[PDB]
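Each remark here refers to the structure printed beneath this line.
A, B, ... follow the sequence lines: proteins, then strands. Residue 1 opens every chain. What you see below is based on every heavy atom in this structure, not just the backbone, and it leaves out hydrogens, waters and symmetry mates.
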Amino acid sequence: XXXXXXXXXXXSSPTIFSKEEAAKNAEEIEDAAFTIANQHXXXXXXXXXXXXXXXX
Amino acid sequence: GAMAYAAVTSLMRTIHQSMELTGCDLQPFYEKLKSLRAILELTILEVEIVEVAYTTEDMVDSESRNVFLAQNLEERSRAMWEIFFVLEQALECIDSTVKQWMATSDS
């Protein structure tokens, strides 16, 4: 459920790449994953939490 | 700029097809894309935009197919989420590349 998404997110880079709740959630975990990768499993499950928190 | 224009146009069209099929609210992505394309109207950057856009197209097509095949609420939501996430990632990349494109367009 949220665990699955946590595992997909769990899966340094300059070459990387009801409805409103889902969209917003996705947007947030996106932006976070992107800041972390932009620093170029750490803070992966950490990212889903705030994202889940922000959209609910 | 022609390759990028064509690719972004195709992505816009793909997003609308996904909207028609899934009912998802993807119009903000569409508008942001249209606006960025408007800005475009360096070859390395164009390669970046083209491949990113086409890849995103493939993913949106695939996940929309997953929405069509959805047998339940979980499968449906996971697929929608996947569409949203890929479109935001793609838009971040294209926005970044287009801004760099502008910087290069100056000097």
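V52(B) and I16(A) fall within a single hydrophobic cluster, where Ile, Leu, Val, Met, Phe, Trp and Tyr are joined by side-chain heavy atoms under 4.5 Å apart, directly or via other members. Residues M59(B) and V50(B) do not share a hydrophobic cluster, clusters being chains of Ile/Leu/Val/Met/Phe/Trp/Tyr side chains in contact below 4.5 Å.
A heavy-atom distance below 4.5 Å is not found between the side chains of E27(A) and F84(B).
In terms of heavy atoms, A22(A) sits closest to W81(B) at O-CD1, 3.9 Å. In plain terms, the two heavy atoms of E30(A) and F85(B) that are nearest each other are CA-CE1, 3.4 Å.
Remark: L69(B) CG is packed, more than 12 non-hydrogen atoms of other residues, nucleotides or ligands lying under 6.0 Å away. Counting heavy atoms of neighbouring residues, nucleotides and ligands inside a 6.0 Å radius, atom CD of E51(B) does not exceed 12 of them. Counting non-hydrogen atoms of neighbouring residues, nucleotides and ligands closer than 6.0 angstrom, the CE atom of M3(B) reaches no more than 12 such neighbours.
One finds the CG atom of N38(A) at 8.0 Å from the OG atom of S96(B) (value rounded to the nearest 0.5 Å). Between atom CE of residue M80(B) and atom OG of residue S18(A) there is a gap of 7.5 Å, rounded to the nearest 0.5 Å.
Comparing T56(B), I83(B), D25(B), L91(B) by heavy-atom pairs within less than 4.5 Å of chain A, the highest count is held by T56(B).
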